[PDB]
Structure formats: C-alpha cells, structure tokens
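Engineer: Quick one: the structure is below, and I'll ask about it shortly.
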Amino acid sequence: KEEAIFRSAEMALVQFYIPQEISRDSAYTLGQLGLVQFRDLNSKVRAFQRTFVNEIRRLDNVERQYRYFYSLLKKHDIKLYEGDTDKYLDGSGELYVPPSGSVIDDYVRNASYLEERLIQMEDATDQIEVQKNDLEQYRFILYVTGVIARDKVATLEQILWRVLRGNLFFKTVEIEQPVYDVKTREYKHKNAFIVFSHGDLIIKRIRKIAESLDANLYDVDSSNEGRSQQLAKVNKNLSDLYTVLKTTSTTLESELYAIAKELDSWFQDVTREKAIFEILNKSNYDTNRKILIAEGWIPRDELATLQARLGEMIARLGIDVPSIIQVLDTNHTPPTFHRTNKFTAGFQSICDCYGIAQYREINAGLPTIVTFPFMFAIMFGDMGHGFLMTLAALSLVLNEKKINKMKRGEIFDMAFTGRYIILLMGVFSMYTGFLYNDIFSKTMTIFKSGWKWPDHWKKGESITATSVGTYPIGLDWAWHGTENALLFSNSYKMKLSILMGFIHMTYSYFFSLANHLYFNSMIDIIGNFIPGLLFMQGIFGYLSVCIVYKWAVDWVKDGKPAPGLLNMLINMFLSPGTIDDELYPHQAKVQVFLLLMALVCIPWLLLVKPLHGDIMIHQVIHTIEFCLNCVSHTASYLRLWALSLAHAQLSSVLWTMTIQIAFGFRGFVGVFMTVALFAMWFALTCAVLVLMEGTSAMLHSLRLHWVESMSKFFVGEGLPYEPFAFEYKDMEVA
Amino acid sequence: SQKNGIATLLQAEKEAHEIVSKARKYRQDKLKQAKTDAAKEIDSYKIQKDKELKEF
Amino acid sequence: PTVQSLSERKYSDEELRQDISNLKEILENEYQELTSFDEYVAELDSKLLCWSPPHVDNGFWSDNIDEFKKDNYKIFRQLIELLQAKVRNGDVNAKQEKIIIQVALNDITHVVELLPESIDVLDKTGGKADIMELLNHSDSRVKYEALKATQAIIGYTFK
C-alpha cells in the first residue's frame, strides 16, 4: 500500500509539534526512520548565532579527539576490529535502537580523560626514548671523549689534524650496533672518538668543532675507580629506565588494543549527534519557548507509520505529554521522490542526473529503464561482446552482497551501482545479436536457409541470389560476405533506426499529455500537445507510414515503380505536384493535406499559448525550439544506425586480421601461434571493443534519452528529496 | 486547521506566560507580606520586652 | 564533574538554569578545599587520603610545593611513610587501601616532578625502589598511577 516509480511520490508537509524536553530523542528516532527531511528554517541569520552552537562545538571537538585516536592508532601497529557489527545495525535498523542520552556527556568526558592520559603517556614515552638514546651512547663509552658516525671519523680526524697546525693524540673504535640518533632520525652506524690536547683553548676548539660536526660528547672519568663508579650509577639508573619503559609500553599497547575494539563503533555512534543537532537547529527551539514547533518533508503515504513510530517511541521514552502532527497548506513546492528498489535505482539516478523531476511529473526514469539498454543494444549488436560484458555484469550482480561492503575505488567506481544497468543492456545485446545475427562479427546459421544463390557457379563468377523466402529471425545469414551486404544492411538499419526513434518520440511525447492530464491543465494541452503532436506525426510519422507501406507491397511484382529507399518526403519538399513514382493511389497526393495542416498549425502553436508582457517573447522561442528540436532529434536518431554499423565493421576488421589466420594448420607450432593470436584477439576485443565502443554507445543513448525523449515532455525542475539519515561514517574522513 | 493550530499554540504559550507572571507576582506579594508579618512579630517581641521591663 | 556537565546543558527553564548555575557556583566555592594547604596537611594527618581536589592542590597551586620541601622533605617523608605503611601491610586489592595508595602516588608524582631534589630524599627512604615494585600492583588504576610516578621520577632523575 505504497507508491512506486510511476511518477514523483505523493509529497507532504506535516507540522512537528515536538515537546521541548523529549526533543533529542524525537529527533534521533525521526532521523533513524530515514524518511524525513527538514525544511530550511531561521537561516536568515549568520551561522554563529544559532542556539545549538555549544553542543555543535563540543561534539566537533569530540570528533577531533576521535580522529586523533585514529591517527595515533594508524601510527601504531593495530587496526579496527569491530567494523562489521556497527554498520549493519545503523544501516537499515528497525525503530528500536539504544539511544545514548547522558551517555553523550559520558563519552565527552571519557574522550577528554583519554586525551589527558595518553598525552601524558606519549610525553613520557618520547621523553624516556630521548633518555635511553642519550645513555645508550654513554653506556657504550669507556682529553676528548665522544661518539660519531663511523663513516665520518676519517674526516673528523683530518679536521682535527688540520685545525691545530701541529698534531694531537687520537683514538677511535667502531660501535657494535647502530644508534638511532635523534638528529639523524635513523639507526646509523657510529664509532667512538677519543683525542687529547694540552691547552684549554685547544680543548674548547675541539668542543666547538665536535659540536659543529654533530658529535655528541660525554663526561668520562680518567680514573679507573671513578669510571667504574660512573658506569655503576649509569647502570643503576638505566635498569629502572628499562623497567619503566617496558611497563609504560605494555600499558600503552594494552589500552590501545582495548580501545581499538570500541573506537570504530564509537566513531559511527558519535557521528549521529552532529547531524541531530544540525537538524534540530532548523526547528528553532528557543530556550524560553517550550513545545518545540517545526516542519519537514515526508512521503504522504507514510504519515500514519511515522506517527505510529513516534507514539511508540514516546511510550518507550515515558514522555507523558502526547505528540501530535498536522499537515500544512503546502504552498511551497515539495521535493520529488521515487521509491526505487535496487532493481532500478541505477536507471533512476542516471535519468535524474540530467535534471531532478518536477513536483509530481511522470519521472523519465521508468521508460529509460528499458529504452536506454535497448537503444544501446541496437547500437551495439554483437552476441559475443555483449555476452562477455553480460558476464562482467554478473560479476557484480552475483557478488552484490560482498561488493556493497567493500570500497569501490578505481576498480569499479561508478560501476558500483551499474551491476543491473549493464545486465539489462547485455541481455538486450543478446537480443540484437539474435536479430542482427552476428556472434562477434561472424554470422550464425541455425535458422532456415535464406537466399538460394544459383546452384551452378563458375570458378570465380559473380553470383546473385534468389529470394526463395524470408529469413524468419533477423538479417538473412545469406547476406554475409556478399558485395551488396553493406548496402542492404545499411538501408535496413537506417529504416530500423528511424522507425524505432519515431516510436520513441511518440511514446515520450505522450508523456507530456499524461503529465498535463494528471495536473488537470487544459490550455497547456491544447496549446502544446495537439499542435506539436499533429505536426510531428504529419511530417515524420507520415514518413514512417510511407516506409512501412513501401516494404509492405512487393514492388516488382506490383509493376508500378518502386520509390527510392528514403526518397519520397524529400521529393515532396518541393511542391504539392508530386514529381513521379506515387506510393499508392493518391498516397503522394493526399499528404498535401498533412503538409498544409502542419504549416497552418505552426502559427496556431505560436499564438494559442500567449492568448491567456514577456509571455509572448518566451512562447515564440518555445515554438522555434520545439520545431528545431523535433527535426534535429528525428535526424539524430540515425546515431543508432551509425554505431551499429561502426561496431559491425570494427568487429569484421578485427576478426579478419587479429584472429584465425589458420596458419600452420595441423601443426604444433601453428597451435602455439593461434594460441597467442587468440589471446591477443580476446584482449583486444574485450578492452578496445567493449570498454571503448560499449561505453561510447552507452553515452550516445544516454544523451538520446536526456534530450530527444526527455525534453519533449520533461521541463519542470524541482527540489530533490534528501531525508535526514546516514548509514555509517567508516570512510575515515580527514 | 493550520492557522487554527498556530493560534492554539500561541494561546497555549500566552497561558504559560500568564501562569509564569502570576507565579512571579505571587512570589513578590508573599515576600512583602512575610516581611510585614516579620515586622509585626518583631514589634510584638519588643512590646513584650518592654512590658517585662516595666514589670521588673 | 556532574555539576559541570549540567552547566553545559541547555535545560529550557529559567528557574532550573539559575538553580544549576547557583549549584555550580557553590561547588566552585567549596573547591577552596583544594587551595587549603591546611586541608592537605589534615589529610596527611589522616591515615588515608581521598581523591579530593586536594589531590590536585599542587597542580592547581604549586605554592604548596615549598611547604612540602620544607623541614628537609617533611611532607615527602610523610607521604613515603604512608606509602610504605600501605605496601608493608599489602592489601593492595582493598578498595579504601587502593584509593589511598593511588592518591598518595599521584601526590608524590606531582611533588617530585615539582622539585627534582626530592629524588634523593625518596631514594634514601627506599621509595625509589618501592614505587618500582608497586609498578606491578594488582589494581589497574594503582599500576597506572605507579607507572606515571616512576616515569616522572626516572625522567626527572635522568637529567
């Protein structure tokens, strides 16, 4: 008992009589329904004068602490561990949820406590890292004492020998293990440096040059007893340092591993209140005011169920005061909605990419669901390429459960929603193959034998064919390989393209009548549809009836001349004096009535609508564009033919010189050569053919629907329907 | 009606404001009356002390 | 903290909001118990200290660090004595004992980091190794506080 994709759903503007006290629960649940928007209210004042500023700022601050958790966690060797559970509940959960409440303030305090504690912990950890790095070189030690990179010791010795013009004692020793120097920021090799001098100024110069050479120094003891005592004190402090670093590392890793389990769910939980308060921001809940009053967009067929859910929550929340809602006088234009399922959501979205529907008009998505795949297929043709792309579509259709919860990225991207679009255009490609009779380029011959070329043939004679019958399903396989095949097929599919295009125009234009009739407007009907329809039929549909009559009569047996393939109308453009080769008795004569009707219709179309300042100026442009679009689009329908023939010829040429040379027949070397040739052929066909040409035809039919069909009836642009809800925020926004 | 609902909400808000104003006025009047009563009781206590002094 | 959170709320009642503000002001005025170094001294006289704002007296008022240092680390010796009495009697799982030990450890960490010269007094008292042993305390809060105190002491002594 709900609406469908037939048109825009029945909109509604209901009035939210939200009690002030229960407002947070009401907003939370109402957003949980994933069913309501909120009309933009009290937006006339700047964004930093809202009543919600303090909760917004504290929750955004909280999201910042959560991001800091995620950043340090990614720095550490640990990841999330509870992503699957949280997303499923919040995605399409029922009316029952565990709302937070004061646990929001609990979360805020918890996050602040966690930052103070782990900031202290990180300061302790890097301070003690500096401490152990300092002592590690000091412990390795045991005049001049110091350590420096082992590779630069030679230059240090040279600069020592040169800085003082004489000589000085020197000693060095390589270190056992590299030291992760803070200045170097890497575990570079090091070596001890020892020198000696007499003067104190020489010692100071040694200090200065060692500091310039990034060589740290230590206060060693010349006396053996003093050095031993210093080493003992260093070890005594260092043992406590190892113990404390081990303990603090254990505590940090334990608490991070514990917090990682809930952090992923905590983020998607806390993301709710940001939206909640941004939404109730529009409600205008003044502090002095009580019984909050607000409005939002709902589907009319869901008012009863949303009221029932709100009452159930109020009973669950214990709020004694009842909740009420009333529908306003919807003077303002409500948004357009389409309760599309996964079967047709892709088609609807692709259709509305051009423009959102009018408030209640006949949404163009529904006819496109089928026309777009078939318009593509009549452009695409081949069995084999369509079949491989249908397999590719199945790759996403069958694994829809898995792919839905895995990042689209650049592997699929917009194809994430294209699983069902590609499937339907693929099955229509199957049909077009049955009716063009070409698995890839090569024609198949299951059906009954067509043209019977004469049974006696010379070695290289030119042989015509006999119309012994009509091939039942599709183009006759006998046409393959013949010198007239291109002409026959091209004439055929020109006429097919123009006929199908005219049928598409008629079906799309009838939608304008349906839309106006649903809106119960008559002047627009009589001023646009009937004149426009009679014009478009009286020229182009008259051409269509011309061509169908032209096939219908067996011309040569009929005896009277057969007009050219696409001749009669352009011959008629001259004058009512039909030149020659009449289609039927008075068929080329009576059509002057249609022509005069159209030419006397054009000024009526020009004047009827304005006759209720710039309305006439708009309507004259409207008539001009109507006629020009009509002619241009009816011509544009040749694009189906164009890419059908392009695909057929490309398939032919690739097949003739990328596969099946049959070289080295019955030879193992020939087997290898044909294996490589087939691999290259399949790679070329897949990549080039399906990707390039299939998406090309996709785009051509897509534009076809966007203008040729849509613009005939779809004019109104309305507001989109974006209700208040979201599934999860596990995308790790930064 | 929508206008009727808005008018009803406005009337409810006005009634709530009137109740709050009546509460504030009652608070002020009670404070003044209790101050007067305390003054009277203190005058009675002073008169009792004066009577005790006269008896003494 | 609950009063502060209520102050952060936006209850739609002028009387209720005024009452919340008055309660918050009263709590803030009562928070003078922290600034009273006499209150900290009294808690020291008590065998068990409580996690009161006095436990943040040093951080909120570093002035008491001088009094703690005075009389040759008198307050530091008193705190070390309290910790040694708690440890030597064990009972680290006792809730009251655990709270007292945690408060003493936090205060000692605040004091020692406020004056590194007290590290020598702590070491002479045996508290330098006592806190290290206490780092393996059963209680998570006790162990964490001991780790913080040891990191403060080790970090200050490393200079």
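Chains as they are written, first to last, in PDB author numbering: chain a, 4 to 145, 186 to 655, 709 to 830; chain L, 2 to 57; chain P, 320 to 478.
All residues carry an ideal CB built from backbone N, CA and C; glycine is no exception.
Please report the straight-line C-alpha distance between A775 of chain a and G429 of chain a, rounded to a whole angstrom.
Structural biologist: Translated into positions along the first sequence, residue 775 of chain a becomes position 679. Translated into positions along the first sequence, residue 429 of chain a becomes position 386. Rounded to the nearest angstrom, the two C-alpha atoms are 18 Å apart.
Engineer: Give me the DSSP bridge partner(s) of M14 of chain a.
Structural biologist: For the purposes of this step, residue 14 of chain a is taken as residue 11 along the first sequence, with counting starting at 1. According to DSSP, which records beta bridges pairwise, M14 of chain a is partnered with a:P342.
Engineer: What are the partner residues of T379 of chain a, as DSSP defines its beta bridges?
Structural biologist: On the first sequence, residue 379 of chain a is found 336 positions in, with the first residue counted as 1. Per DSSP, a:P816.
Engineer: Tell me which same chain residues have a C-beta within less than 6 Å of the C-beta of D410 of chain P, skipping the five on either side of it?
Structural biologist: What you label residue 410 of chain P is simply residue 91 of the third sequence in a count that begins at 1. Within the same chain, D410 of chain P has close Cβ partners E416.
Engineer: Just checking: is the beta-carbon of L32 of chain L within a distance shorter than 9 Å of some beta-carbon in chain a?
Structural biologist: Within the second sequence, the letter at position 31 stands for residue 32 of chain L. So no, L32 of chain L is outside the interface.
Engineer: May I ask you to report which of helix, strand or coil DSSP gives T227 of chain a?
Structural biologist: One-based indexing of the first sequence puts residue 227 of chain a at position 184. In the structure shown, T227 of chain a sits in coil (DSSP, three-state: anything other than H, G, I, E or B).
Engineer: What residues from chain P crowd round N327 of chain a, counting only those whose CB sits closer than 8 Å?
Structural biologist: For the purposes of this step, residue 327 of chain a is identified with residue 284 of the first sequence, where counting begins at 1. Simply none; closest approach about 13 Å.
Engineer: Please confirm if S437 of chain P has its CB atom under 9 Å from at least one CB of chain a.
Structural biologist: Residue numbering aside, residue 437 of chain P sits at position 118 when the third sequence is read from its first letter. No, because no Cβ of chain a sits closer than 9 Å to the Cβ of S437 of chain P.
Engineer: From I20 of chain L to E97 of chain a, what does the alpha carbon distance come to, in whole angstroms?
Structural biologist: Here residue 20 of chain L refers to the residue found at position 19 of the second sequence. Here residue 97 of chain a refers to the residue found at position 94 of the first sequence. Those two C-alpha atoms are separated by around 41 Å.
Engineer: Say whether chain L places a C-beta atom closer than 9 Å to the C-beta of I711 of chain a.
Structural biologist: On the first sequence, residue 711 of chain a is found 615 positions in, with the first residue counted as 1. Not closer than 9 Å to any Cβ of chain L, the Cβ of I711 of chain a fails to qualify, so no.
Engineer: Of all Cβ atoms in chain A, is any one closer than 9 Å to the Cβ of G474 of chain P?
Structural biologist: No chain A is part of this structure, whose protein chains are labelled a, L and P.
Engineer: Since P816 of chain a and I399 of chain a should fall inside the 8 Å C-beta cutoff, what is the C-beta to C-beta distance between them, to a whole number of angstroms?
Structural biologist: For the purposes of this step, residue 816 of chain a is taken as residue 720 along the first sequence, with counting starting at 1. For the purposes of this step, residue 399 of chain a is taken as residue 356 along the first sequence, with counting starting at 1. Contact flag correct, Cβ pair sits at about 5 Å.
Engineer: Suppose contacts are defined by Cβ-Cβ distances below 9 Å. Is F572 of chain a in contact with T730 of chain a by that definition?
Structural biologist: The residue given as residue 572 of chain a occupies position 529 in the first sequence. The residue given as residue 730 of chain a occupies position 634 in the first sequence. Not closer than 9 Å, so no.
Engineer: Quick one: does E16 of chain L have its CB under 9 Å from some CB of chain a?
Structural biologist: As a first step, residue 16 of chain L must be located in the second sequence, where it is residue number 15. It does not; no Cβ of chain a falls within 9 Å.
Engineer: Would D425 of chain a and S747 of chain a qualify as a contact pair, given that the criterion is a beta-carbon distance under 9 Å?
Structural biologist: Translated into the one-based positions of the first sequence, residue 425 of chain a becomes position 382. Translated into the one-based positions of the first sequence, residue 747 of chain a becomes position 651. For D425 of chain a and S747 of chain a, yes; Cβs fall inside 9 Å.
Engineer: Grouping DSSP H, G and I as helix and E and B as strand, with all else coil, what is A39 of chain L?
Structural biologist: Numbered from 1 along the second sequence, position 38 holds the residue referred to as residue 39 of chain L. The answer is helix: DSSP assigns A39 of chain L an H, G or I state.
Engineer: So what does DSSP say about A351 of chain a, is it helix, strand or coil?
Structural biologist: Counted from its first residue, the first sequence places residue 351 of chain a at position 308. In this structure, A351 of chain a counts as helix in the three-state DSSP scheme.
Engineer: Can you have a look at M451 of chain P and say buried or exposed, based on whether 16 or more other CB atoms are within 10 angstroms of its CB?
Structural biologist: To locate residue 451 of chain P, count along the third sequence from 1; it is residue 132. The residue is buried, with at least 16 neighbouring Cβ atoms inside 10 Å.
Engineer: Counting only runs that start and end within the region 204-289 of chain a, where is the alpha helix (DSSP H) found for 4 or more residues in a row?
Structural biologist: Counting whole runs of 4 or more residues, the region 204-289 of chain a contains the alpha helix (DSSP H) stretches 243-255.
Engineer: Taking the Cβ atom as the reference point for each residue, do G790 of chain a and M432 of chain a lie within a distance shorter than 9 Å?
Structural biologist: What you label residue 790 of chain a is simply residue 694 of the first sequence in a count that begins at 1. What you label residue 432 of chain a is simply residue 389 of the first sequence in a count that begins at 1. Yes, the Cβ-Cβ distance between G790 of chain a and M432 of chain a is below 9 Å.
Engineer: What are the complete alpha helix (DSSP H) segments, minimum 4 residues, inside the region 363-406 of chain P?
Structural biologist: 376-379, all fully within the region 363-406 of chain P.
Engineer: State the Cα-Cα distance for the pair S457 of chain P and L368 of chain P, rounded to the nearest angstrom.
Structural biologist: Working through the third sequence from its first residue, we reach residue 457 of chain P at position 138. Working through the third sequence from its first residue, we reach residue 368 of chain P at position 49. Rounded to whole angstroms, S457 of chain P to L368 of chain P spans 20 Å at the Cα level.
Engineer: Leaving out the 5 sequence neighbours to the left and right, which residues in its chain are closer than 7 Å to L325 of chain P when beta-carbon positions are compared?
Structural biologist: Reading the third sequence from its first residue, position 6 is the one you call residue 325 of chain P. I339.
Engineer: Relative to the alpha-carbon of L560 of chain a, which residue among a:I405, a:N57, a:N725, a:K385 has its alpha-carbon at the smallest distance?
Structural biologist: As a working mapping, residue 560 of chain a is identified with position 517 in the first sequence. Considering only alpha carbons, the answer is a:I405.
Engineer: Closer than 8 Å: is that where the CB of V803 of chain a sits relative to any heavy atom of the ligand NAP?
Structural biologist: This structure lacks the ligand NAP; in fact it carries no ligand of any kind.
Engineer: DSSP three-state label for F19 of chain a, please.
Structural biologist: Here residue 19 of chain a refers to the residue found at position 16 when the first sequence is read from its first residue. Three-state DSSP puts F19 of chain a in a strand.
Engineer: Which residue comes first and which comes last in the beta strand (DSSP E) that contains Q715 of chain a?
Structural biologist: Position 619 of the first sequence, counting from 1, holds the residue named residue 715 of chain a. Premise fails: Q715 of chain a lies in the alpha helix (DSSP H), 711-732, not in any beta strand (DSSP E).
Engineer: Could you compute how far the alpha carbon of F583 of chain a sits from the alpha carbon of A738 of chain a?
Structural biologist: Here residue 583 of chain a refers to the residue found at position 540 of the first sequence. Here residue 738 of chain a refers to the residue found at position 642 of the first sequence. Roughly 20 Å separates the two Cα atoms.
Engineer: If I'm right that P377 of chain a touches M14 of chain a with Cβ under 8 Å, what's the distance once you round it to whole angstroms?
Structural biologist: Reading the first sequence from its first residue, position 334 is the one you call residue 377 of chain a. Reading the first sequence from its first residue, position 11 is the one you call residue 14 of chain a. Confirmed, Cβ separation roughly 3 Å.
Engineer: Go through its chain and collect everything with a Cβ distance to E345 of chain a's Cβ below 7 Å, but skip five positions before and after it.
Structural biologist: By one-based count along the first sequence, residue 345 of chain a stands at place 302. Answer for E345 of chain a: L38, listed in chain order.
Engineer: Could you say which of a:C394, a:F419, a:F415, a:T414 lies nearest to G408 of chain a if we only look at CA atoms?
Structural biologist: In the first sequence, the residue the question calls residue 408 of chain a occupies position 365. When only C-alpha atoms are compared, the closest one is a:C394.
Engineer: Below 7 Å between beta carbons is the criterion; list the residues of the region 453-465 of chain P that meet it against any residue of chain a, in chain order.
Structural biologist: Under the 7 Å Cβ criterion, the region 453-465 of chain P contributes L454, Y463.
Engineer: Mark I122 of chain a as exposed unless 16 or more other C-beta atoms lie within 10 angstroms of its C-beta, in which case mark it buried.
Structural biologist: Position 119 of the first sequence, counted from the first residue, corresponds to residue 122 of chain a. Exposed, because fewer than 16 other Cβ atoms sit within 10 Å of the Cβ of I122 of chain a.
Engineer: To the nearest whole angstrom, what separates the beta carbons of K247 of chain a and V190 of chain a, a pair I think is in contact under 8 Å?
Structural biologist: Within the first sequence, numbered from 1, the residue matching residue 247 of chain a stands at position 204. Within the first sequence, numbered from 1, the residue matching residue 190 of chain a stands at position 147. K247 of chain a to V190 of chain a, Cβ: 20 Å. No contact.
Engineer: Output, in chain order, the set of chain a residues within a Cβ distance shorter than 9 Å of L10 of chain L.
Structural biologist: The count along the second sequence starts at 1 and reaches residue 10 of chain L at position 9. Under the 9 Å cutoff, chain a gives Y20, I334, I336.
Engineer: Listed from N- to C-terminal order along the chain, which residues in the region 277-301 of chain a have their beta-carbon within a distance smaller than 7 Å of any beta-carbon of chain P?
Structural biologist: Within the region 277-301 of chain a, the residues whose Cβ lies closer than 7 Å to some Cβ of chain P are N280, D283, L284, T286, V287, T290, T291, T294, listed in chain order.
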